[PDB]
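Coordinates in review
Each chain is listed here by its residues.
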Amino acid sequence: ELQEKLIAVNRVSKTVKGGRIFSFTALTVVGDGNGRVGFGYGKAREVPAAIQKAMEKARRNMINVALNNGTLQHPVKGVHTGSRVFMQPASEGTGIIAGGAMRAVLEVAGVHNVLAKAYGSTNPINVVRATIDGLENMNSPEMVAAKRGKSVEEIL
Amino acid sequence: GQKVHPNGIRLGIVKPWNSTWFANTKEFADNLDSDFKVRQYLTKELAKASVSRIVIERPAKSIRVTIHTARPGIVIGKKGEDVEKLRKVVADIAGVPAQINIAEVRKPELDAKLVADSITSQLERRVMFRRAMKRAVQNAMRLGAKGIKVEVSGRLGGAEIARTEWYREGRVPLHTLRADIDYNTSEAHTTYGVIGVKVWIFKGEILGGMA
Amino acid sequence: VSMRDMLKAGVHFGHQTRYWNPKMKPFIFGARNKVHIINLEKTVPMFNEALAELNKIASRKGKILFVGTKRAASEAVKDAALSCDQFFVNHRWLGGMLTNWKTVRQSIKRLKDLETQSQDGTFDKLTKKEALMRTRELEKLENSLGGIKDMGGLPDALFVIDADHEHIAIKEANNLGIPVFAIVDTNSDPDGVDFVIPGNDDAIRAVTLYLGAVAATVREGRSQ
RNA sequence: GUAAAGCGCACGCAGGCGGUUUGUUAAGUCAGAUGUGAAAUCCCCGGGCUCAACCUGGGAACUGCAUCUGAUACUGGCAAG
RNA sequence: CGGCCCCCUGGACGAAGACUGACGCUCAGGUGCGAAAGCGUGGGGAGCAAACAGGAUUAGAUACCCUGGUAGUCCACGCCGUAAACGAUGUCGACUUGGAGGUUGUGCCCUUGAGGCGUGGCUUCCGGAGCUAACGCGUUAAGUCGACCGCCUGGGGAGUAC
RNA sequence: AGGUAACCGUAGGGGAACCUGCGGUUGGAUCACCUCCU
Ligand SMILES: [Mg+2]
Ligand SMILES: [Mg+2]
Ligand SMILES: [Mg+2]
Ligand SMILES: [Mg+2]
Ligand SMILES: [Mg+2]
Ligand SMILES: [Mg+2]
Ligand SMILES: [Mg+2]
Ligand SMILES: [Mg+2]
Ligand SMILES: [Mg+2]
Ligand SMILES: [Mg+2]
Ligand SMILES: [Mg+2]
Ligand SMILES: [Mg+2]
Ligand SMILES: [Mg+2]
Ligand SMILES: [Mg+2]
Ligand SMILES: [Mg+2]
Ligand SMILES: [Mg+2]
Ligand SMILES: [Zn+2]
């Protein structure tokens, strides 16, 4: 019942005594469509292996975000490795308006309505390195209430 | 870096011969000449019957040849009428009353001959060699093998240069004499030329000599 | 364990004042003869509260990994694990013992195959030199994975002696979320131990005290 | 810091910014009112051309400006520390 | 900025107090200082040494080597105002785990002695969080923050033309 | 003793490549290609 999506595949070199030896790095995310998602990235000698192993690491690392109703709970940004990502909840039925790399991440997590935008460099691994962190840093209307020792309406 | 025929060295150890009759020198050359000719005739005939192994053994008053294939009914046709006519044509090409018999194969994707020839056939189909040999090794190891190696050489995909490649998977111990290594070779005649294919399957170790 | 029970064993003993770690200041009674003295007033309640958690884990069918690689205390930790039907690491810790679980399972399978093969037979079929070589490999695997051949899966709790010496194990555990129970001398960094016991980790007497008390409470947790 | 980008260093006028308490002021600031901010346009709710474009009612809005009356925490002014 | 001595003179720091009562920070223009080379005037001139004079060597040597040797190098007084003038890091303030030092103070205790506990200033090296593209930085931040100034906008063309 | 280059400011020579003088800085080597989507 999971959900997966490849993001990008690059052919990386490695120069040896005689010439080089190419390889293949896959990058993918896996989510449950219910605010719980992880990502993976793994090299290999050829594509299906990389796409396979990277797919598996992502089955671990699956953090659980406290989104509400296919949308976030408050605007949020996340900066990692020179990539900046702004996101914010959107109205109902707005959709997933996001650059390529993020769109999958948002999709598999369970998000339905969200605005987004990247900044700086747009290296895909960096922005997901920069997105999931941003996601988990959301705060439920009770995570605060708990950590602020109040009732929900006492903040709302 | 040339290897040595993995079948040959394991003869007597774990690999029985493909011809078990005995004879003296006087009648030796012609003997293998005859059984060679019957091998060649057969391999021309049953090309569609997935034939893998063909052994000639000659008792003093008769000859008898045995066939390991994966398409038994094909060879038998109906009432062995094709089998019977093969028996006739071999009895005359061997000039000795023959008696042929077949012993089919159960794991057609697990012997080197059938897999190599299937590979080379698909190569004539101009399917992509890479995915082909990959399916080969996958089916093999999936079926319960312990090692598979395939190697294809010469003018790949019609390339104007000979890009010889290979693939390995599982475990194929080539220096361990006691190892059961099935091994075979076949060939494809492309428009662009001829391409060689070698195949190894390792079904594990056997302990206690040929017995 | 009572403060008097520890003190006679020497639990209060510590490393030199020259060699200590910054986070250990709360747990340090003071110094004498340039020697760090550990405070039993903190040691006893923390050990008791850790024993509570260990009893809980073992009383929900927990698998316990006793960890210590000291050449003096290896057999003590092994016997400690045997006294409570648990699993242990008494030889040098191998990186990825927990994180690289799949490889350990393949090595476990080879150890199981070798012992089964010797009982089944075919050693006579092997050349005498080959059969002896197989026996040597079986002995080496038994020396290495003797404790974890029957662990089956990743353990539910870890007990560590001299957490600084075994730092790779605790890093792995934290990466897996497996809880760490560890005897922490003054020179160790206590961040990786979720239930931290500050105490001597070299002295055979105090180590055996820790192990015996833990094993008694583990058998108690099992008995229900 | 090394990708372009810290003046060679210092002093210093103009300028910018300013610890802490009270009082005062009401300038900034905030609140309210009032005037004004053409119509069209844009937007909402309508209506009319068979639909639509288009045309049209009403509204919203025009974030502004001015004036008056308040508010005194904040920043400023004044006084006293 | 390096012999020693005197004379004239600036700053820093510590100790304890007493006084002043926000007198502050920053700073466009502005002003001054500003390595070496250079210029002017006069002096000086051992050593060294661009240029130059030769020797050699070299395809040739216009260079490298030798022998020389002027300006210069020094002094006074002007002038020039540039350097990878660099920590390639503007100035001031507050805050944020540690270890090893160096250096200069100063309190107490060792009876003091040799020494043990304090508490400053400056400085060096590790390294935590954190930060960084990375390298790294890391209480002397390139951390967390304020205030003010200077500066940047693809590379050459060009710090050149006017 | 380890040992050896670059570059800055400037002056002279030099046809220019550049070489010398004075001081300053470490920023104390040099390069790089045949195969390719699950
Ligand atoms: Mg040979
Ligand atoms: Mg500069
Ligand atoms: Mg100043
Ligand atoms: Mg003012
Ligand atoms: Mg003020
Ligand atoms: Mg209008
Ligand atoms: Mg209508
Ligand atoms: Mg005021
Ligand atoms: Mg000069
Ligand atoms: Mg002069
Ligand atoms: Mg000269
Ligand atoms: Mg300059
Ligand atoms: Mg300098
Ligand atoms: Mg500077
Ligand atoms: Mg100019
Ligand atoms: Mg010259
Ligand atoms: Zn210890």
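Residues numbered from 1 in each chain as written, not as in the entry; some residues may be left out. Chains lettered and ligands numbered in written order. Part of a larger assembly, values for the part shown. Heavy atoms only, no water.

The subject of this paragraph is the domain arrangement of chain B. Residue and element names in this part refer to chain B. Considered domain by domain, chain B is made up of domain 1 (16–106) and domain 2 (107–211). Summarising the inter-unit geometry, the C-alpha centres of domain 1 and domain 2 are found 25 Å apart. Taken residue by residue, the interface counts seven residues in domain 1 and six residues in domain 2. Carbon and sulfur atoms supply 66% of the area that domain 1 and domain 2 bury against each other, a total of about 530 Å² over both sides. Taken as a group, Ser52, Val105 and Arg106 account for 61% of the area that domain 1 buries against domain 2, more than any other trio of residues on that side. There are zero salt bridges connecting domain 1 and domain 2. Taken together, the connections running from domain 1 to domain 2 amount to one residue pair in polar contact. Classifying every residue of the side of domain 1 that touches domain 2 gives four nonpolar, two polar and one charged. (Domains from an automatic or database assignment. Contact = heavy atoms within 4.5 Å. Buried area = accessible area lost by both parts, 1.4 Å probe. Salt bridge = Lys/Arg side-chain N within 4 Å of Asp/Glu carboxyl O. Polar contact = N/O pair within 3.5 Å; in protein donor to acceptor, adjacent residues only side chain to side chain. Nonpolar A, V, L, I, M, F, W, Y, C, P; charged D, E, K, R; others polar.)

All names here are of chain C. Per the counting criterion, the structure on display carries five aromatic pairs over all chains. Between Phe66 and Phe159, the aromatic rings sit 5.9 Å apart at their centres with planes inclined by 75°, giving edge-to-face as the arrangement. A residue pair is termed long-range when its members are at least 10 positions apart, and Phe66 in strand β3 (residues 64–67) and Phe159 in strand β5 (residues 157–161) qualify at 93 residues. Using a relative accessible area of 1% as the deciding quantity, one classes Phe159 as buried. The interplanar angle of 5° and the centroid separation of 4.7 Å between the aromatic rings of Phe181 and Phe195 together place this pair among those described as stacked. Of this pair, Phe181 sits in strand β6 (residues 180–184) while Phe195 sits in strand β7 (residues 195–198), placing them 14 residues apart in sequence. (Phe/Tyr/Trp six-rings, centres within 6.5 Å; stacked < 30°, edge-to-face > 60°. Helix = DSSP H or I, 4+ residues; strand = E, 2+ residues; numbered from the N terminus. Buried < 20%, exposed > 50% of the residue type's maximum accessible area, 1.4 Å probe, protein only.)

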